[PDB]
Amino acid sequence: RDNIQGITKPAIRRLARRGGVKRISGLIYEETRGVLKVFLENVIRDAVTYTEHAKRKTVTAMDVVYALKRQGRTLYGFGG
Amino acid sequence: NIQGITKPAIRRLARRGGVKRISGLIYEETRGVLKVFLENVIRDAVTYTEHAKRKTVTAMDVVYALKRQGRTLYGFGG
Amino acid sequence: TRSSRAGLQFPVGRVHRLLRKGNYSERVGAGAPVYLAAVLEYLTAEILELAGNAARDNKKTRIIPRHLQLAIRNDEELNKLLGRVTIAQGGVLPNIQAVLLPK
Amino acid sequence: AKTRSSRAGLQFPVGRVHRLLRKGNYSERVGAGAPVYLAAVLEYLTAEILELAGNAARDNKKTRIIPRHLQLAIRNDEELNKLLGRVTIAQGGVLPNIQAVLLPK
Amino acid sequence: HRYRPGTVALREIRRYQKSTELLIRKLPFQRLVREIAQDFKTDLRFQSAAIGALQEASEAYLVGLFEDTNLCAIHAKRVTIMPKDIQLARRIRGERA
Amino acid sequence: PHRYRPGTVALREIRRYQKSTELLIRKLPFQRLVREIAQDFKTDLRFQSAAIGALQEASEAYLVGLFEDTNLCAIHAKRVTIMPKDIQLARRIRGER
Amino acid sequence: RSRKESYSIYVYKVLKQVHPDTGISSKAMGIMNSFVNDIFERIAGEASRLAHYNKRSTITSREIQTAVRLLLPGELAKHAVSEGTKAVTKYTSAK
Amino acid sequence: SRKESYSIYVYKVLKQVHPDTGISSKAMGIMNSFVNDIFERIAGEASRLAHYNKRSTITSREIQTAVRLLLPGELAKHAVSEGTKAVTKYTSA
DNA sequence: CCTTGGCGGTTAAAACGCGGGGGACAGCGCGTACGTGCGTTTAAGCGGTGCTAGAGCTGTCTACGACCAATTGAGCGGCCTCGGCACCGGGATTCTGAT
DNA sequence: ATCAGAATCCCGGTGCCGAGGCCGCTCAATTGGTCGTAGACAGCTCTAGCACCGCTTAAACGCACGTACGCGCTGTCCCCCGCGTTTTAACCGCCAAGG
């Protein structure tokens with residue numbers, strides 16, 4: 001419950017500073033939380049898809065990598 | 001050469017694209033971006049044609065080259 | 001044929017040939033191209049449905065590809081799938097930015 | 001020379017490439033010089049990246065190459081940025097990048 | 001007599017969001033494409049179908065580019081485009097590295 | 001032990017974080033967010049930890065790319081105060097919805 | 001004189017089912033043929049990667065099902081799973 | 001198990017480029033994912049060309065024009081030179 | 001069989017002159033939206049303690065696919081006729097600007 | 001508003017030209033039998049995930065407070081948008097040749 005606010009205001013501030021943002025408004029935060037939510041929706045839909053077709057009750061990192069390969073946002077480093 | 005791309009045709013493309021009023025240097029910027037994109041496409045097309053060992057650019061080389069761009073086009077049987 | 005043995009309009013044999021001459025795996029299962037034929041026919045059914053409504057829009061009987069383009073772009077999910085594929089003779093939607101409208 | 005690696009004088013083993021190309025569903029038959037050509041191209045690309053990796057480890061005077069060095073080495077090239085732009089490496093970070101109007105006048 | 005500005009412009013936006021016939025006409029665009037291709041191999045013959053496909057692809061790609069350009073130029077509180085809008089949009093789409 | 005004008009802390013955080021490497025969003029709230037969205041599609045999952053770290057990596061990548069495009073839109077609009085219509089323009093022009 | 005193929009008659013019969021008082025241009029038929037070829041290659045590639053990431057090579061209809069739910073947007077894929085499962089049952093219960 | 005990787009091969013590459021430079025485990029994993037990515041890209045593009053001219057086998061020429069397709073100009077030219085040199089050296093010897 | 005290419009005639013497309021007016025830009029007020037600290041509060045996380053779904057390996061066995069050989073009936077090349085539609089002229093409407 | 005008046009839609013006409021109906025035929029999909037091997041499945045084992053606990057400690061918080069950039073308003077100035085005019089080349093149509 002309410003784990004979208006587990007994304008803290010200083011976390012959005014920190015990711016703004018790493019990306020290069022200087023002046024952060026107050027209306028940005030929940031829009032950022034919503035975009036993060038939609039992204040995680042599509043990704044975990046594909047992850048559960050590959051998990052169910054594995055016929056295994058555990059989600060692996062390899063499945064996450066393969067789903068990201070299905071996106072176009074390919075992640076190296078963790079195998080596959 | 002490049003100047004078959006007339007000013008009012010670029011204006012018509014701005015009309016269909018949704019643009020009301022046009023500056024001046026849009027013309028040169030459009031010619032530059034147009035030239036870059038056509039260079040990439042024709043290089044992939046003639047690479048397909050040179051693997052086909054033939055002298056004439058097919059439609060199919062164009063279609064699969066735009067497939068390679070992630071810019072898939074229908075209508076021409078690919 | 002096997003087509004009316006599942007009651008469709010798309011063949012099973014041609015698709016079963018294409019799954020071997022595409023080298024998409026080693027072997028091809030029994031009913032999987034039937035499944036694929038059903039999927040394809042449902043897709044083109046929805047497409048030609050909205051295409052027919054687009055034909056009703058400009059009051060024509062034979063489908064012109066502008067009607068195809070508008071029917072693809074109007075639906076949300078059909079603009080999601082076929083958004084990265086432009087279509088020859090397609091055009092775009094009737095689109096006017098309201099912030100450009102004169103007073 | 002017994003091994004085809006020695007017959008090619010390269011280091012990426014052409015035989016393991018050949019085994020993966022047989023179980024690859026790519027054509028019916030696989031030639032005998034194509035995995036040689038492919039292993040040469042892969043060796044050239046790995047050298048092309050590890051060169052900039054060595055330069056990145058040398059710019060910070062660090063011995064073991066870390067993935068930060070890898071990310072900086074990828075973004076410092078222009079052609080390797082044009083290739084791998086839709087690729088995102090873990091542990092990377094980004095370029096040290098500051099815009100124009102952000103610095104205090 | 002004379003109209004006001006925006007009458008003719010938006011009227012032709014209406015008049016040109018309906019016909020999908022090509023606007024960059026055939027022969028100068030053809031001479032341009034042969035000029036571009038000339039520096040890849042000498043004296044290559046052309047089908048008409050490849051020329052038609054690249055003509056369609058060119059006009060469609062510039063339609064999409066102009067859409068993102070005009071959305072930038074309105075979003076930065078202006079009405080008329082300028083080439084740094086195109087630079088901004090192409091920087092967004094990841095063509096310029 | 002002093003206070004200066006607003007902006008020095010900003011550039012100091014930019015330098016400190018472009019020097020830094022690792023995660024900005026912490027682990028456990030991100031884990032519980034993933035489990036919240038994950039249970040709503042299938043009941044009673046079990047997870048590899050590296051999978052969740054990969055999710056975190058992709059999330060940070062996507063947000064950093066969105067912020068880079070947002071800041072480019074802002075600096076284009078002659079503003080430094082970003083507003084949510086900048087993110088509107090950004091996720092319009094990337095076309096990812 | 002190579003005997004080339006298309007999909008004109010099958011899609012044309014589908015059109016005559018759902019819209020009997022409706023014609024079609026042949027250009028649109030080429031468009032739809034390209035469309036079906038695209039959909040077919042995408043489903044083939046997803047079935048391919050399913051076969052690779054499962055360490056098997058026997059393509060059942062279940063792999064095609066999970067590829068259908070991947071590639072297509074949600075509710076349309078739900079109806080697609082309905083159509084596919086119905087066709088599987090009607091083809092395998094009878095002969 | 002016998003999960004085969006590309007570890008010692010890129011170790012030999014690094015010893016024959018920067019001969020006194022170490023490297024980490026996860027960086028080697030990044031290199032492994034890199035080689036598998038480029039391998040799948042070139043093999044898939046070669047299979048596409050095999051179907052696009054209806055030629056059911058693979059020679060080196062498809063690989064040559066495939067790396068012409070993927071990489072842009074200068075790196076492609078160097079890779080073509082490297083591949084032709086290694087192929088000719090494997091050919092005559 | 002399809003691509004180039006030479007020539008003649010044209011009308012529409014573009015180039016160019018031109019004026020004015022309205023949009024971009026500067027400046028500035030201002031003031032309220034938000035960076036910065038600071039104690040004040042929150043809770044992450046790091047290390048221990050067990051538990052046991054379930055991932056994964058091993059064997060098996062058979063049940064489904066790869067393929068061999070005849071076949072046949074739809075699909076495909078070709079050929080016609082039509083009626084749907086681009087376009088021609090009229091009238092009516094529907095916008096917008098001078099007023 | 002208020003009307004004059006171009007711009008555009010819209011309605012009957014038309015002929016003509018691709019869409020579709022139809023004929024002749026052929027080869028690919030069908031049927032069916034035979035082999036073989038992959039995978040579904042049952043059982044094992046032991047690994048990692050999970051839930052939970054103690055303590056801590058570094059990090060998030062509300063708000064006071066200054067302050068600076070966002071934004072509204074006004075003024076400027078010349079850049080395009082639009083229209084009359086002159087030039088001009090893309091296109092249509094034909095007609096070979098030759099690769």
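Just so you know, the numbers here start at 1 and follow the chain as drawn.
According to its header, the structure was obtained by electron microscopy, 7.9 Å.
Every residue, even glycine, has its Cβ placed from backbone N, Cα and C.
These come from Swiss-Prot:
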- C:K21: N6-crotonyllysine (MOD_RES)
- C:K21: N6-(beta-hydroxybutyryl)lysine (MOD_RES)
- C:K21: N6-(2-hydroxyisobutyryl)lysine (MOD_RES)
- C:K59: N6-(2-hydroxyisobutyryl)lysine (MOD_RES)
- C:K60: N6-(2-hydroxyisobutyryl)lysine (MOD_RES)
- C:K80: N6-(2-hydroxyisobutyryl)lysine (MOD_RES)
- C:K80: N6-(beta-hydroxybutyryl)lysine (MOD_RES)
- C:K80: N6-succinyllysine (MOD_RES)
- C:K80: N6-glutaryllysine (MOD_RES)
- C:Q89: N5-methylglutamine (MOD_RES)
- C:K103: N6-crotonyllysine (MOD_RES)
- C:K103: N6-(2-hydroxyisobutyryl)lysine (MOD_RES)
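Here the candidates are the modified residues C:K21, C:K59, C:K60, C:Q89, C:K103. The one whose C-alpha lies nearest to that of C:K80 (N6-(2-hydroxyisobutyryl)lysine) is C:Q89. With the fewest other Cβ atoms inside 10 Å of its Cβ, the least crowded of the modified residues C:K21, C:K59, C:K60, C:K80, C:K103 in this structure is C:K103.
Across the fold, the C-alpha of C:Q89 (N5-methylglutamine) and the C-alpha of C:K60 (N6-(2-hydroxyisobutyryl)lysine) stand 17 Å from each other. Annotated pair C:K21 (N6-crotonyllysine) and C:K103 (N6-crotonyllysine), C-alpha to C-alpha distance, rounded: 62 Å. With an 8 Å limit on C-beta distances, none of the modified residues from C:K21, C:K59, C:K60, C:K80 reaches chain E.
In this entry, C:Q89 stand out among the modified residues C:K21, C:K59, C:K60, C:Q89, C:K103 as having a C-beta under 8 A from a C-beta of chain B. The secondary structure of C:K59 (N6-(2-hydroxyisobutyryl)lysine), as reduced to three states from DSSP, is coil rather than helix or strand. Residues from the set of modified residues C:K21, C:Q89, C:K103 situated with their C-beta under 8 Å of a chain G C-beta: C:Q89.
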